[PDB]
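A, B, ... follow the sequence lines: proteins, then strands. Residue 1 opens every chain.
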2 protein chains.
Amino acid sequence: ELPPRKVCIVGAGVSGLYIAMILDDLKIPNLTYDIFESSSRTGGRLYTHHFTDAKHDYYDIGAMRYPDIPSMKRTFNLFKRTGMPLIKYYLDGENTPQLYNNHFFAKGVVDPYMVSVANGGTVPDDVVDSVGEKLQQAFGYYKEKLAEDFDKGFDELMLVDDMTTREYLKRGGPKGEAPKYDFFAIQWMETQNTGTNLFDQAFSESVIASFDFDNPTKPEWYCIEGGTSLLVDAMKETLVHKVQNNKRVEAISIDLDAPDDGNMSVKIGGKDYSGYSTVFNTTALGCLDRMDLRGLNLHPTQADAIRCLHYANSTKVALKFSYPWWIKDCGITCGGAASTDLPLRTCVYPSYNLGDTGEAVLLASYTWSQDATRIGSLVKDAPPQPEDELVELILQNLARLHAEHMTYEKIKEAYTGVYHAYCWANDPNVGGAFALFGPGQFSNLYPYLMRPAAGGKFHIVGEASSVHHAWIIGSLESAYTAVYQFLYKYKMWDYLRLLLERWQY
Amino acid sequence: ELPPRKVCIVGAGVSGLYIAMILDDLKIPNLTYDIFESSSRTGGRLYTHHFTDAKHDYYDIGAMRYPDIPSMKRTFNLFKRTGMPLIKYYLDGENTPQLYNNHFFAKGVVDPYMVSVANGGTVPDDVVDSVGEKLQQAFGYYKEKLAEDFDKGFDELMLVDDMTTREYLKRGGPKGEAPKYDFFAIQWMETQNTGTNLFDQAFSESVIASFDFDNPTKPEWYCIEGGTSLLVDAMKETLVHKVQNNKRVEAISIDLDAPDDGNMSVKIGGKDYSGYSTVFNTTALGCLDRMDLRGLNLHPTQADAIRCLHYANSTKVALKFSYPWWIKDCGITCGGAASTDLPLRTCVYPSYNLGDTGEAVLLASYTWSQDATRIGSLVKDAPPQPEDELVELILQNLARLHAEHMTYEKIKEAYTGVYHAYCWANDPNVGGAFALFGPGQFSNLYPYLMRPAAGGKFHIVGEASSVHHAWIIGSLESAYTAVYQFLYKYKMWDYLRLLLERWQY
Ligand SMILES: Cc1cc2nc3c(=O)[nH]c(=O)nc-3n(C[C@H](O)[C@H](O)[C@H](O)COP(=O)(O)OP(=O)(O)OC[C@H]3O[C@@H](n4cnc5c(N)ncnc54)[C@H](O)[C@@H]3O)c2cc1C
Ligand SMILES: Cc1cc2nc3c(=O)[nH]c(=O)nc-3n(C[C@H](O)[C@H](O)[C@H](O)COP(=O)(O)OP(=O)(O)OC[C@H]3O[C@@H](n4cnc5c(N)ncnc54)[C@H](O)[C@@H]3O)c2cc1C
Ligand SMILES: N[C@@H](Cc1ccc(O)cc1)C(=O)O
Ligand SMILES: N[C@@H](Cc1ccc(O)cc1)C(=O)O
């Protein structure tokens, strides 16, 4: 018979909720847990904002779209287990405008944006129209290996992880045997592929990004009708021990001089919570770094990983309109996204309100990196109440982006005066949007992040603690692996076998 | 004989005020200007926060310290022109603690922080105690050329501008003939030299940084007693045309069909302001990118520079204490700064309150880059009203850093309950702290940033538009050069000769 044991789950985002879900399913005798969440809200970076309780009157601030690819099977299994209402998500849609250098994209035209050397810009003529082809040449080998087997493909990709994307493109790969691109070529590739400055982060992250968004299998995409927070609701409801909100862990410790299994503790608001046999930390790493972890005696390079692994910013801005003018006036009738070099960068047309003719939400701006920091600087806790600079910027950018069909006056007139925006680097409980590692970090720092700690009783868990950054799948894989390690540590072979039987696939 | 002319100055930080100062001094017949400032406040990144009107009861949120080196002579000339009360600033002081991996630095100790491979960390033994020497070897040749002649030195440095600092250290310079360092060596150098992740930005910025902070001349440093905002006050006072605050420019244009000198205009709150013969934009580039600039017909690569040139974040946190416990109890009696891998990263002991025995301000945290974003996530426009996570974090970090003489209890007891913090990336009027360029940007994008525009009538001015990022000197040089180009364009030879006579040196 198993002795009584308690574990501690720090954070109630999807990782922490998944750990609890797995433990609840295994039903290990005399095992209990505490889940502590710093926010008044549960769900973390699963976060649907509802303007009203009307059917489609929402947008997803965090996770919103899911590609049905093999590496994400665990995510779709969670969806199935919790009865999520899935509907099609249109990554690409009809008639979505693309605007660069104040020109609209045109199929079959040489340099439609007029940015090549031939037209007075500095993008090389042989690059301006062929970003797709040239990035497929840069990323494709690795994408194919990842599709064959993600783990093996990842291990192969790590052999060039010392390079940034820019460095890879500049030098022609590891041996100089690939094409070499000049600064302006690489700049245009970045502009057409990702957020501002992100080619100066890891080549491996750009490859994995391309694998997820431009997967060789050309997958179907899905979203959750009613918002991703429906998943948080579902996971919360099954909990044998409910989330304790407004509980911010500020320290984690192990008492190595104590003989007991339950010799770990955490500190919350100056008070000790003790008796834990294992602690699963599931917070973003910036939050973890703020804790006093001296009581864990972490390897110094593991500590370095917590402080230094790079996070990217992300900002979303959603506006309500009295009618879906992008559908009715612009012929944008089935989702997709408009891309531009204007400040809003990306305008996402919702896939969940396609048949509505009344009030409708538009995800008017979705940005990463420096673009997100810049939009984020206009996003305030208490929005300007009386002129709102962000609203005016978004309306002006939307007018330019949809100029083939709309005017600023008509868009402003359709705008209801209700909007919401969110900058993830401004969230105290995350401090960024997600991990997006710098050069060398996956191959050098990440293995120390994942190093056993406190004699195998402390786990650093979450999307950053995975090879699938910025996806639910990374959070879930990280959680599963940590539960495996926990069961193994305490030699619970019956329940480890059960874990593999029920939860591996 | 000179026709009436009007110019527009966008922004009233130190660049904008300096343009006006020069124009006011040259007294060109029939020339006037408008200065439009978006904020209700004048001064921009010159910004002293006064807790009360008591003598030393302030800290500088922006610029605060000035090295007396030749390349910054124009800054000290501005100080002299305006009667600034300068006092000594102690960059290095006595008894300032350094805390890494929970160990305190001590001179002569081998691997005091226990991070060497020999002691179970991953920092190579031949690097751990010799970061200074190794970075001087990497930067030194260029620092010396910059000392001989900054312009010539810069031009030589541009020949390796394609590399990040990490890339330079990794590959052994451009030919592999310098020492090559592994990931963990470079990581430790970054940790000991700058903010988290900044070695993944331009090598040239790391060099120029080292040149300014560790100049070969071993300079005296100064600060302005009473706060840097005294300079803003003095510059405002002399203005022939006063700053117009709460005037945010949202568009800039030239009418090329009009034959007049004054064929430029700007838009503010939807209203046109016309008749300008030249427009000087002095805002941070993020603010400029948000404007509608179509009316200027900017070269596409100049537009790219505005969007893409990289900015770094910076955050400051200042606490008031009932007595200067760092002076009285820790023997830190003459300024300097404490450095640590704890979240606060750098604690700066003020140089302006050394003889005070009552209330005193401490610049408890000064951070850059990801460190600043993480502290910044706790800095709110409306500070939490009665528990503040940021305050508690700073108090706990201060206790650890000063554990040789203080306890948390004593520091908390000394804390008055009054503090202020500021994260520059969260300021709508800047959107970052300052330019800190990525690899290749100085050598490729920057020349297009500085390209003549609107037929020589539009100027992009400010610290980013200079080779001295993050210093007043960059702003002043940028302003001076733009005024030169303005006088040249309109062939005002008498006044151009006067500019050279009075303002070159
Ligand atoms: C803008 C954005 C868009 C995204 N898009 C998608 C998408 O389309 N599809 C997809 O699959 N994924 C997407 N992702 C990723 C997905 O949202 C995340 O990977 C996942 O939600 C992360 O879950 P987590 O449990 O690892 O971390 P979190 O969600 O961060 O959960 C950690 C929890 O810990 C809490 N916490 C923090 N500090 C403390 C403390 N001291 N004590 C106690 N608790 C604390 C936090 O409040 C939080 O609730 C997106 C993410 C973002 C930010
Ligand atoms: C944290 C920090 C520490 C620093 N430390 C030092 C130091 O120790 N020593 C040193 O010499 N230098 C230092 N610097 C640098 C120095 O502060 C700056 O380089 C200088 O103040 C920038 O002046 P500027 O005129 O170029 O830009 P800004 O100060 O940004 O002025 C531009 C003005 O334009 C306004 N504006 C923005 N948008 C609009 C619009 N649409 N319409 C109208 N107006 C607009 C802004 O509000 C602002 O007032 C520091 C800077 C920071 C942020
Ligand atoms: N997965 C998130 C964002 C993201 C994806 C991949 C990344 O590498 C980084 C961020 C989305 O759906 O937009
Ligand atoms: N000059 C600012 C900060 C700074 C200095 C140099 C840089 O390259 C960047 C930022 C200071 O005194 O702290």
Side-chain angles (χ1 to χ4, degrees), chain A residues 49-52 57-59 61 313-323 325-326 340 342-348 359-367 371-402 406-427, chain B residues 10-11 36-41 244-252 266-272 283-284 286-293 379-382 423-432:
Chain A
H49 176 83
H50 294 270
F51 293 104
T52 68
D57 202 15
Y58 65 86
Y59 80 110
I61 300 173
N313 198 2
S314 187
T315 297
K316 288 184 181 174
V317 186
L319 276 62
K320 287 187 63 170
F321 296 89
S322 68
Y323 77 105
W325 53 263
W326 53 100
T340 180
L342 299 181
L344 67 68
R345 289 317 304 274
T346 302
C347 175
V348 179
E359 282 191 334
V361 176
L362 178 67
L363 176 49
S365 186
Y366 182 13
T367 55
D371 307 317
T373 297
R374 287 179 170 189
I375 297 301
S377 73
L378 307 180
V379 177
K380 304 304 167 181
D381 285 341
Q385 267 302 336
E387 102 196 7
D388 190 315
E389 175 171 12
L390 176 58
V391 176
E392 174 67 3
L393 172 68
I394 293 307
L395 292 173
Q396 291 287 355
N397 284 12
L398 283 173
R400 288 164 76 174
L401 182 56
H402 298 89
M406 306 292 302
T407 63
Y408 165 79
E409 287 301 326
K410 273 158 55 243
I411 294 175
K412 181 176 192 176
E413 166 68 15
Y415 173 54
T416 68
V418 174
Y419 86 106
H420 184 261
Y422 204 84
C423 174
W424 278 102
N426 299 345
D427 189 334
Chain B
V10 183
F36 297 116
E37 164 60 48
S38 55
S39 175
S40 63
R41 185 182 60 86
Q244 298 171 245
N245 295 94
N246 305 292
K247 290 279 199 296
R248 180 170 54 76
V249 172
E250 67 198 0
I252 308 174
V266 300
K267 203 160 146 292
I268 299 173
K271 172 180 181 174
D272 282 306
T283 78
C287 303
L288 178 56
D289 195 40
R290 292 204 299 273
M291 300 176 191
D292 181 351
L293 299 180
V379 178
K380 306 305 173 176
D381 278 343
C423 174
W424 279 103
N426 299 345
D427 188 334
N429 299 291
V430 194

### Query
Can you list the steps and then say if B:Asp381 with B:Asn426 is a side chain to side chain contact (heavy atoms under 4.5 Å, CB included)?
CA-CA 9 Å; B:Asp381 278 343; B:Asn426 299 345; over 6 Å; no
### Query
So A:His49 and A:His420, would you call those rings parallel, tilted or perpendicular, with 30° and 60° as cut-offs?
parallel
### Task
Starting from the C-alpha separation in whole Å, work towards a yes-or-no answer on side chain to side chain contact (heavy atoms under 4.5 Å, CB included) for A:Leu398 and A:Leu362.
CA-CA 11 Å; A:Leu398 283 173; A:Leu362 178 67; 4.0 Å; yes
### Query
Is the A:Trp326 ring parallel, tilted or perpendicular to the A:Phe321 ring (thresholds 30°, 60°)?
perpendicular
### Query
If only atom types and distance count, is the side chain of B:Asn245 paired as donor or acceptor with the main-chain N or O of B:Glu37 below 3.5 Å?
no
### Query
Do B:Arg290 and A:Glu389 have side-chain heavy atoms sitting under 4.5 Å apart?
yes
### Message
With a 3.5 Å distance limit and no angle check, can you tell me whether A:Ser365 reaches the backbone of A:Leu344 through a side-chain donor-acceptor pair?
### Response
yes
### Residue pair A:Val391 / A:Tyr415, side-chain heavy-atom distance below 4.5 Å
yes
### Message
Please check this pair: side chain of A:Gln396 against backbone of A:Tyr408, looking for a donor-acceptor N/O pair closer than 3.5 Å.
### Response
no
### Query
With distance as the sole test, does A:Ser322 use its side chain to make a donor-acceptor pair with the main-chain N or O of A:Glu359 at under 3.5 Å?
no
### Query
Say you draw a straight line from NZ of A:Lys380 to SG of A:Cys423; how long is it, rounded to the nearest 0.5 Å?
9.0 Å
### Query
Minimum heavy-atom separation for A:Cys347 to A:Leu401, with atom names?
CB-CD2, 4.0 Å
### Message
Run A:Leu395 and A:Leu319 through side chain to side chain contact (heavy atoms under 4.5 Å, CB included) and show every step you take.
### Response
CA-CA 9 Å; A:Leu395 292 173; A:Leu319 276 62; 4.0 Å; yes
### Query
Is there a donor-acceptor contact under 3.5 Å from the side chain of B:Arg248 to the main chain of B:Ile268?
no
### Query
Is it true that A:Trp325 and A:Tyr323 have ring centroids separated by less than 6.0 Å?
no
### Task
Quick one: closest heavy-atom pair of A:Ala372 and A:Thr315, and the distance?
O-OG1, 2.9 Å
#### Entry: Chi angles and distances behind the side chain to side chain contact (heavy atoms under 4.5 Å, CB included) call for B:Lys267, B:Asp292
CA-CA 9 Å; B:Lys267 203 160 146 292; B:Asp292 181 351; over 6 Å; no
### Task
Might you point out which heavy atoms bring B:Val10 and B:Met291 nearest each other, and give the distance in Å?
CG1-CE, 4.2 Å
### Query
For the residue pair A:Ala364 and A:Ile394, what are the closest heavy atoms and their distance?
CB-CG2, 3.5 Å
